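Beneath this line is the structure, given in structure tokens, with notes to follow.
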Amino acid sequence: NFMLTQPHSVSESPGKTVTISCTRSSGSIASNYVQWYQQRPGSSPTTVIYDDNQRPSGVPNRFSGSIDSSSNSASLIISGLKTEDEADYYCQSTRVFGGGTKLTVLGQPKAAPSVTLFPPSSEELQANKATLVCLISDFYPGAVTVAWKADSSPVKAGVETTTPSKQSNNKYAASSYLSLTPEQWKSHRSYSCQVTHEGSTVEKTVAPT
Amino acid sequence: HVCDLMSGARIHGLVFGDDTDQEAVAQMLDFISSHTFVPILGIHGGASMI
Amino acid sequence: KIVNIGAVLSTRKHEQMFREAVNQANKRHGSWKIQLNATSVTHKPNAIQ
């Protein structure tokens, strides 16, 4: 089977175009047809572009489609406008969906996220539990990629990250929680909470005691 | 066979026969008759069913 | 697998869409079980031919 690649998110100002590419892992893209879809928050997905270069009835043009081979990828091109098209787009070829790219208008000025790593409390360690608390805030847009590595390899066991959501100051907030045991807490030298936001990576590391 | 025989000595009749049950042989022979003007009388075998 | 489908269609220009259309069907139906092929031939003169 193949696998579909989409960028996590992208930001574009009104009056300018934006391109998002759907990439096929194995095999050629032209071997099968591809489709593009949009989904508003809480709204059912709606067809926007189907069968490579074909506009469904009701689609007001603008949204074109590139199916050139290139690096085994097919991209989606949108005319310059930011009225409502700020949504998440997915590519589907054959029983496989795309990752999805978040698109939003350029509103408030972008703010760098604030990374803070909280080592597990001693009282929790007494209860044979270890929770790693990582908090993020003052960032735009609400899309943060957070990864956890035990100083020698990424760790995905017990990780728990809150979905970003709009704050009360036209901003976004989120947090990441990692659940571990005292044996795992004391087994590794340090644990890292990497934060990725709009291509910006901020690293904060903590050590036991 | 049929039209090479026709191309050989000039026959006028091709009294025929068979041993199978494939009804399709009747239609093929009927097609032979149209474009060659040779009377043919199938008797026994596949070329028997009306 | 290789399920070849033929035709006795008219002049080769009309046959061109046949070779084009099958790939479209191949593109639509996605599996490694349905790899069709194509062949054709024009209307030769005479009936026996």
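Order determines the names: the first chain of the structure tokens is A, the second B, and so forth; residues in each chain are numbered 1 upward, and ligands are numbered 1 upward as they are shown.
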
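Running DSSP on the backbone gives alpha helix (DSSP H) for these residues within chain B: residues 2, 3, 4, 5, 6, 7, 24, 25, 26, 27, 28, 29, 30, 31, 32, 33 and 34 of chain B.
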
List as a Markdown table every residue of chain B that is in contact with chain C, defined as an atom at most 12 Å from one of its atoms (using only C-alpha atoms), together with the nearest atom pair and the distance in Å rounded to one decimal, sorted by chain and then rising number.
```
| residue | atom | partner | partner_atom | distance |
| --- | --- | --- | --- | --- |
| B:2 | CA | C:48 | CA | 11.7 |
| B:3 | CA | C:48 | CA | 9.9 |
| B:28 | CA | C:48 | CA | 10.7 |
| B:29 | CA | C:48 | CA | 11.8 |
| B:31 | CA | C:48 | CA | 8.7 |
| B:32 | CA | C:48 | CA | 8.2 |
| B:33 | CA | C:48 | CA | 11.1 |
| B:34 | CA | C:47 | CA | 9.9 |
| B:35 | CA | C:47 | CA | 7.6 |
| B:36 | CA | C:48 | CA | 9.7 |
```

Please write the residues from the selection above to a file, keeping C-alpha atoms, as a short mmCIF file (atom, residue, chain, number, x, y, z; two decimals), in the first residue's frame.
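Contents of the output file again12.cif:
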```cif
data_model
loop_
_atom_site.label_atom_id
_atom_site.label_comp_id
_atom_site.auth_asym_id
_atom_site.auth_seq_id
_atom_site.Cartn_x
_atom_site.Cartn_y
_atom_site.Cartn_z
CA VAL B 2 -14.63 -26.52 -47.57
CA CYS B 3 -13.41 -23.68 -49.71
CA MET B 28 -21.33 -21.88 -39.44
CA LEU B 29 -22.35 -24.17 -42.29
CA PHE B 31 -22.89 -19.03 -43.29
CA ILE B 32 -20.81 -21.15 -45.68
CA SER B 33 -23.83 -21.72 -47.91
CA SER B 34 -24.63 -18.02 -48.35
CA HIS B 35 -21.36 -16.82 -49.89
CA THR B 36 -20.40 -19.90 -51.93
#
```

With 12 Å as the cut-off and only C-alpha atoms counted, what is the closest atom pair between each nearby residue of chain C and chain A? Distances in Å to one decimal, ordered by chain and number, as a tab-separated table.
```
residue	atom	partner	partner_atom	distance
C:23	CA	A:31	CA	9.1
C:24	CA	A:32	CA	9.1
C:25	CA	A:32	CA	10.0
C:26	CA	A:32	CA	8.1
C:27	CA	A:32	CA	4.7
C:28	CA	A:32	CA	6.4
C:29	CA	A:32	CA	8.1
C:30	CA	A:32	CA	6.7
C:31	CA	A:94	CA	9.3
C:32	CA	A:1	CA	11.1
C:35	CA	A:31	CA	11.6
```

Margin query: Report, in Å with one decimal, the straight-line distance from CA of residue 37 in chain A to CA of residue 85 in chain A.
Written below: 11.4 Å

Item checked: Minimum-distance residue to residue 18 in chain C, chosen among C:39, C:44, C:4, C:34 (using only C-alpha atoms) ->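 Of C:39, C:44, C:4, C:34, the one nearest residue 18 in chain C is C:39, counting only C-alpha atoms.
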
Considering only C-alpha atoms, return as an mmCIF file with N, CA, C and O atoms, in the first residue's frame whatever protein or nucleic-acid residues lie within 9 Å of residue 23 in chain B, sequence-local ones (same chain, fewer than 5 positions apart) excluded.
```cif
data_model
loop_
_atom_site.group_PDB
_atom_site.id
_atom_site.type_symbol
_atom_site.label_atom_id
_atom_site.label_comp_id
_atom_site.auth_asym_id
_atom_site.auth_seq_id
_atom_site.Cartn_x
_atom_site.Cartn_y
_atom_site.Cartn_z
ATOM 1 N N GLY B 46 -23.557 -33.339 -35.051
ATOM 2 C CA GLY B 46 -23.821 -31.979 -34.618
ATOM 3 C C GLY B 46 -24.696 -31.216 -35.592
ATOM 4 O O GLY B 46 -25.620 -30.509 -35.187
ATOM 5 N N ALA B 47 -24.428 -31.357 -36.888
ATOM 6 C CA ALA B 47 -25.214 -30.655 -37.893
ATOM 7 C C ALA B 47 -26.507 -31.404 -38.179
ATOM 8 O O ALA B 47 -26.827 -31.682 -39.338
ATOM 9 N N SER B 48 -27.258 -31.729 -37.132
ATOM 10 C CA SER B 48 -28.510 -32.459 -37.267
ATOM 11 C C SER B 48 -29.703 -31.719 -36.692
ATOM 12 O O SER B 48 -30.774 -31.730 -37.301
ATOM 13 N N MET B 49 -29.549 -31.078 -35.536
ATOM 14 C CA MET B 49 -30.667 -30.378 -34.923
ATOM 15 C C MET B 49 -31.192 -29.296 -35.857
ATOM 16 O O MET B 49 -30.423 -28.572 -36.492
#
```

Margin query: Would you compute the distance between CA of residue 154 in chain A and CA of residue 142 in chain A? Give it in Å to one decimal.
Written below: 23.3 Å

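For the pair CA of residue 165 in chain A and CA of residue 131 in chain A, the interatomic distance is 22.5 Å.
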
Using DSSP assignments from the backbone, pull out every residue in chain A that falls under strand (DSSP E) and give it to me as a compact mmCIF listing (two decimals) with N, CA, C and O atoms, in the first residue's frame.
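The result, stored in selection.txt:
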```txt
# COMPACT_ATOMS: atom_id res chain seq x y z
N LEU A 4 -0.14 8.81 1.97
CA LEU A 4 -0.43 10.14 1.46
C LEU A 4 0.15 11.21 2.39
O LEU A 4 -0.12 11.20 3.59
N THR A 5 0.91 12.13 1.81
CA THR A 5 1.60 13.17 2.57
C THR A 5 0.92 14.51 2.34
O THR A 5 0.67 14.90 1.19
N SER A 9 0.05 22.38 8.34
CA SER A 9 -0.70 23.63 8.30
C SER A 9 0.02 24.61 7.39
O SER A 9 1.18 24.42 7.02
N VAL A 10 -0.70 25.68 7.04
CA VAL A 10 -0.14 26.74 6.21
C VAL A 10 -0.95 28.01 6.47
O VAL A 10 -2.15 27.95 6.74
N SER A 11 -0.28 29.15 6.42
CA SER A 11 -0.90 30.45 6.64
C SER A 11 -0.74 31.32 5.41
O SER A 11 0.36 31.43 4.86
N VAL A 18 -2.05 30.08 -2.52
CA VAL A 18 -1.40 29.13 -1.62
C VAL A 18 -1.44 27.76 -2.28
O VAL A 18 -2.42 27.40 -2.94
N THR A 19 -0.36 27.00 -2.11
CA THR A 19 -0.22 25.68 -2.73
C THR A 19 0.03 24.64 -1.66
O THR A 19 0.89 24.83 -0.79
N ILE A 20 -0.72 23.54 -1.72
CA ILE A 20 -0.52 22.40 -0.84
C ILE A 20 -0.43 21.15 -1.71
O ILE A 20 -1.26 20.95 -2.61
N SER A 21 0.57 20.32 -1.44
CA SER A 21 0.88 19.17 -2.28
C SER A 21 0.55 17.87 -1.55
O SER A 21 0.93 17.70 -0.39
N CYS A 22 -0.14 16.97 -2.25
CA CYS A 22 -0.40 15.63 -1.75
C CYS A 22 0.58 14.67 -2.42
O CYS A 22 0.61 14.57 -3.65
N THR A 23 1.38 13.98 -1.62
CA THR A 23 2.48 13.16 -2.11
C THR A 23 2.20 11.68 -1.88
O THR A 23 1.71 11.29 -0.81
N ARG A 24 2.51 10.87 -2.88
CA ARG A 24 2.31 9.43 -2.83
C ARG A 24 3.63 8.75 -2.49
O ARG A 24 4.66 9.06 -3.09
N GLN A 35 -8.68 13.01 -5.26
CA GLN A 35 -9.77 13.92 -4.95
C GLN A 35 -9.34 14.87 -3.84
O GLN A 35 -8.48 14.54 -3.02
N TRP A 36 -9.95 16.05 -3.82
CA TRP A 36 -9.71 17.05 -2.79
C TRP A 36 -11.02 17.37 -2.08
O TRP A 36 -12.08 17.40 -2.70
N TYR A 37 -10.93 17.60 -0.77
CA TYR A 37 -12.10 17.83 0.05
C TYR A 37 -11.80 18.94 1.05
O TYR A 37 -10.64 19.20 1.38
N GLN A 38 -12.86 19.58 1.53
CA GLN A 38 -12.76 20.58 2.58
C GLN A 38 -13.73 20.22 3.70
O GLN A 38 -14.75 19.57 3.46
N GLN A 39 -13.40 20.65 4.91
CA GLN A 39 -14.26 20.39 6.06
C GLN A 39 -14.15 21.55 7.04
O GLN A 39 -13.07 21.82 7.56
N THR A 46 -17.06 18.39 2.31
CA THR A 46 -17.71 18.71 1.05
C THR A 46 -16.70 18.62 -0.08
O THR A 46 -15.55 19.05 0.06
N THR A 47 -17.13 18.06 -1.20
CA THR A 47 -16.27 17.94 -2.37
C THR A 47 -15.96 19.32 -2.94
O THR A 47 -16.85 20.17 -3.06
N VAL A 48 -14.70 19.53 -3.30
CA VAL A 48 -14.25 20.78 -3.91
C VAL A 48 -13.61 20.54 -5.27
O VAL A 48 -13.92 21.24 -6.24
N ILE A 49 -12.72 19.56 -5.36
CA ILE A 49 -12.11 19.15 -6.62
C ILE A 49 -12.09 17.64 -6.66
O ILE A 49 -11.69 16.99 -5.69
N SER A 64 -7.78 25.26 -8.54
CA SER A 64 -7.29 24.45 -9.65
C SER A 64 -6.68 23.16 -9.11
O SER A 64 -6.77 22.86 -7.91
N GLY A 65 -6.06 22.38 -9.99
CA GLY A 65 -5.44 21.14 -9.59
C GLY A 65 -4.26 20.75 -10.46
O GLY A 65 -4.37 20.73 -11.69
N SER A 73 4.07 13.56 -6.44
CA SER A 73 3.13 14.34 -5.66
C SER A 73 2.21 15.12 -6.60
O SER A 73 2.58 15.46 -7.72
N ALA A 74 1.00 15.40 -6.11
CA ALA A 74 0.04 16.24 -6.80
C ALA A 74 -0.39 17.34 -5.85
O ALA A 74 -0.75 17.07 -4.70
N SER A 75 -0.36 18.58 -6.33
CA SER A 75 -0.60 19.74 -5.48
C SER A 75 -1.95 20.38 -5.79
O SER A 75 -2.52 20.20 -6.87
N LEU A 76 -2.44 21.13 -4.81
CA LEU A 76 -3.68 21.88 -4.93
C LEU A 76 -3.36 23.37 -4.91
O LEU A 76 -2.69 23.85 -3.99
N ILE A 77 -3.82 24.09 -5.93
CA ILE A 77 -3.58 25.52 -6.07
C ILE A 77 -4.90 26.25 -5.95
O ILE A 77 -5.90 25.84 -6.55
N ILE A 78 -4.91 27.32 -5.16
CA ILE A 78 -6.11 28.10 -4.88
C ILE A 78 -5.86 29.54 -5.29
O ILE A 78 -4.78 30.09 -5.02
N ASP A 88 -9.59 22.95 6.56
CA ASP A 88 -8.67 21.83 6.44
C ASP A 88 -8.99 21.06 5.17
O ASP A 88 -10.15 20.76 4.90
N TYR A 89 -7.96 20.74 4.39
CA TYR A 89 -8.11 20.08 3.11
C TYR A 89 -7.45 18.71 3.15
O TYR A 89 -6.36 18.55 3.70
N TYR A 90 -8.12 17.72 2.57
CA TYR A 90 -7.64 16.35 2.53
C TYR A 90 -7.61 15.83 1.10
O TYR A 90 -8.45 16.19 0.28
N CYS A 91 -6.62 14.98 0.81
CA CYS A 91 -6.50 14.32 -0.48
C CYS A 91 -6.80 12.84 -0.32
O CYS A 91 -6.35 12.20 0.64
N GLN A 92 -7.57 12.29 -1.26
CA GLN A 92 -7.92 10.87 -1.26
C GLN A 92 -7.69 10.32 -2.66
O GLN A 92 -8.14 10.91 -3.65
N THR A 101 -4.21 19.68 5.81
CA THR A 101 -3.49 20.94 5.97
C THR A 101 -4.43 22.01 6.48
O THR A 101 -5.51 22.21 5.91
N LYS A 102 -4.03 22.69 7.55
CA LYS A 102 -4.83 23.75 8.14
C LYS A 102 -4.49 25.08 7.48
O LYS A 102 -3.32 25.48 7.45
N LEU A 103 -5.51 25.77 6.97
CA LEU A 103 -5.35 27.06 6.32
C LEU A 103 -6.19 28.10 7.04
O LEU A 103 -7.34 27.83 7.42
N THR A 104 -5.62 29.28 7.24
CA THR A 104 -6.31 30.34 7.95
C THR A 104 -5.89 31.69 7.39
O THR A 104 -4.82 31.83 6.78
N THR A 116 7.21 25.52 28.44
CA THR A 116 7.58 25.30 29.83
C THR A 116 7.36 23.83 30.15
O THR A 116 6.25 23.31 29.98
N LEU A 117 8.42 23.15 30.61
CA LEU A 117 8.35 21.74 30.93
C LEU A 117 8.32 21.56 32.44
O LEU A 117 9.17 22.09 33.16
N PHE A 118 7.32 20.82 32.92
CA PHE A 118 7.14 20.59 34.35
C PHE A 118 7.54 19.16 34.70
O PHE A 118 6.88 18.21 34.26
N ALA A 130 4.17 9.12 37.27
CA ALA A 130 5.04 10.20 36.81
C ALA A 130 4.37 10.87 35.62
O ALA A 130 4.30 10.29 34.54
N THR A 131 3.88 12.09 35.83
CA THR A 131 3.22 12.86 34.78
C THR A 131 4.11 14.03 34.39
O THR A 131 4.47 14.86 35.24
N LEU A 132 4.47 14.11 33.11
CA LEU A 132 5.25 15.21 32.58
C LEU A 132 4.29 16.22 31.95
O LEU A 132 3.54 15.88 31.03
N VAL A 133 4.33 17.45 32.45
CA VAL A 133 3.39 18.49 32.05
C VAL A 133 4.13 19.51 31.20
O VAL A 133 5.13 20.09 31.64
N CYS A 134 3.65 19.73 29.98
CA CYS A 134 4.21 20.70 29.06
C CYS A 134 3.10 21.63 28.61
O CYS A 134 2.09 21.17 28.07
N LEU A 135 3.27 22.93 28.84
CA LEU A 135 2.24 23.92 28.57
C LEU A 135 2.70 24.87 27.47
O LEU A 135 3.85 25.31 27.46
N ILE A 136 1.79 25.19 26.55
CA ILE A 136 2.05 26.10 25.45
C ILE A 136 0.95 27.15 25.42
O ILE A 136 -0.19 26.89 25.85
N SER A 137 1.28 28.33 24.93
CA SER A 137 0.34 29.45 24.91
C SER A 137 0.92 30.55 24.02
O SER A 137 2.00 30.41 23.45
N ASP A 138 0.17 31.65 23.92
CA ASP A 138 0.52 32.84 23.15
C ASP A 138 1.16 32.49 21.81
O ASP A 138 2.30 32.83 21.51
N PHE A 139 0.37 31.79 20.99
CA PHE A 139 0.80 31.38 19.66
C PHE A 139 -0.37 31.51 18.69
O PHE A 139 -1.53 31.48 19.09
N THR A 145 2.99 21.19 16.78
CA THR A 145 3.51 19.83 16.71
C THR A 145 4.44 19.64 17.91
O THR A 145 5.48 20.29 18.01
N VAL A 146 4.07 18.73 18.81
CA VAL A 146 4.81 18.47 20.03
C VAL A 146 5.28 17.03 20.02
O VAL A 146 4.49 16.11 19.79
N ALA A 147 6.58 16.82 20.26
CA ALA A 147 7.18 15.50 20.28
C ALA A 147 7.93 15.29 21.58
O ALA A 147 8.42 16.24 22.20
N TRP A 148 8.00 14.03 22.00
CA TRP A 148 8.68 13.64 23.24
C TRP A 148 9.74 12.60 22.92
O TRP A 148 9.45 11.59 22.26
N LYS A 149 10.96 12.84 23.39
CA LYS A 149 12.07 11.91 23.21
C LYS A 149 12.77 11.70 24.54
O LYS A 149 12.97 12.65 25.31
N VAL A 159 1.89 9.67 26.10
CA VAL A 159 1.82 11.08 25.71
C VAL A 159 0.36 11.48 25.56
O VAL A 159 -0.49 10.66 25.19
N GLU A 160 0.07 12.75 25.84
CA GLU A 160 -1.31 13.23 25.79
C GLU A 160 -1.28 14.74 25.62
O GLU A 160 -0.90 15.46 26.55
N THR A 161 -1.66 15.22 24.44
CA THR A 161 -1.59 16.63 24.09
C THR A 161 -3.00 17.17 23.83
O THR A 161 -3.77 16.56 23.08
N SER A 165 -7.01 25.51 20.86
CA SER A 165 -8.30 26.17 20.78
C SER A 165 -8.12 27.67 20.98
O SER A 165 -7.13 28.11 21.57
N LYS A 166 -9.09 28.44 20.50
CA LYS A 166 -9.02 29.89 20.58
C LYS A 166 -9.04 30.36 22.03
O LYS A 166 -9.83 29.88 22.85
N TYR A 172 -4.32 31.33 20.89
CA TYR A 172 -4.59 29.91 21.04
C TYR A 172 -3.78 29.34 22.19
O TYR A 172 -2.72 29.88 22.55
N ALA A 173 -4.28 28.26 22.78
CA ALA A 173 -3.63 27.61 23.91
C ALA A 173 -3.71 26.10 23.75
O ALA A 173 -4.65 25.57 23.16
N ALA A 174 -2.71 25.41 24.29
CA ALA A 174 -2.67 23.95 24.28
C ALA A 174 -1.68 23.49 25.34
O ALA A 174 -0.97 24.30 25.96
N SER A 175 -1.64 22.18 25.56
CA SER A 175 -0.71 21.60 26.52
C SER A 175 -0.47 20.15 26.16
O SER A 175 -1.27 19.52 25.47
N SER A 176 0.65 19.62 26.65
CA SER A 176 1.03 18.23 26.42
C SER A 176 1.32 17.57 27.76
O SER A 176 2.04 18.14 28.59
N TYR A 177 0.77 16.38 27.96
CA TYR A 177 0.98 15.61 29.18
C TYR A 177 1.55 14.25 28.82
O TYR A 177 1.06 13.58 27.90
N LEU A 178 2.59 13.84 29.54
CA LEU A 178 3.24 12.55 29.34
C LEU A 178 3.12 11.73 30.62
O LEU A 178 3.50 12.21 31.69
N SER A 179 2.59 10.52 30.50
CA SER A 179 2.38 9.64 31.64
C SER A 179 3.46 8.56 31.65
O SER A 179 3.66 7.87 30.65
N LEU A 180 4.15 8.42 32.78
CA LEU A 180 5.24 7.47 32.91
C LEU A 180 5.24 6.90 34.32
O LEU A 180 4.41 7.26 35.16
N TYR A 191 14.30 14.05 29.71
CA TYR A 191 13.17 13.98 28.80
C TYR A 191 12.94 15.35 28.18
O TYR A 191 13.01 16.37 28.87
N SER A 192 12.66 15.37 26.88
CA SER A 192 12.53 16.61 26.13
C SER A 192 11.10 16.80 25.65
O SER A 192 10.41 15.84 25.30
N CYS A 193 10.66 18.06 25.65
CA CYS A 193 9.35 18.45 25.13
C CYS A 193 9.59 19.44 24.00
O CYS A 193 9.58 20.66 24.21
N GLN A 194 9.80 18.92 22.80
CA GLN A 194 9.99 19.77 21.63
C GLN A 194 8.66 20.38 21.22
O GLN A 194 7.61 19.74 21.29
N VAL A 195 8.70 21.64 20.78
CA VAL A 195 7.51 22.36 20.35
C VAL A 195 7.77 22.92 18.96
O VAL A 195 8.74 23.67 18.76
N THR A 196 6.92 22.57 18.01
CA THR A 196 6.99 23.07 16.65
C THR A 196 5.75 23.89 16.35
O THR A 196 4.62 23.42 16.55
N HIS A 197 5.95 25.12 15.88
CA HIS A 197 4.84 26.03 15.61
C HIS A 197 5.23 26.94 14.46
O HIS A 197 6.11 27.79 14.61
N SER A 200 8.80 26.99 13.63
CA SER A 200 9.67 27.42 14.72
C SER A 200 9.74 26.32 15.77
O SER A 200 8.71 25.83 16.23
N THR A 201 10.96 25.93 16.14
CA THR A 201 11.19 24.88 17.12
C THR A 201 11.83 25.47 18.37
O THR A 201 12.88 26.11 18.29
N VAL A 202 11.19 25.26 19.52
CA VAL A 202 11.69 25.71 20.81
C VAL A 202 11.80 24.49 21.71
O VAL A 202 10.85 23.71 21.85
N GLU A 203 12.97 24.32 22.34
CA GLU A 203 13.29 23.12 23.09
C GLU A 203 13.45 23.46 24.57
O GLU A 203 14.16 24.41 24.92
N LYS A 204 12.79 22.69 25.43
CA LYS A 204 12.95 22.80 26.87
C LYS A 204 13.10 21.40 27.44
O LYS A 204 12.26 20.52 27.17
N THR A 205 14.15 21.18 28.23
CA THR A 205 14.48 19.87 28.76
C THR A 205 14.54 19.93 30.29
O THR A 205 14.93 20.94 30.87
N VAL A 206 14.16 18.82 30.92
CA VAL A 206 14.21 18.68 32.37
C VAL A 206 14.93 17.39 32.72
O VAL A 206 15.00 16.45 31.92
```

Margin query: List as a VMD selection string the protein and nucleic acid residues near residue 12 in chain B, meaning an atom at most 10 Å away when only C-alpha atoms are counted, but skip any in the same chain fewer than 6 places from it.
Written below: chain B and resid 6 37 to 40
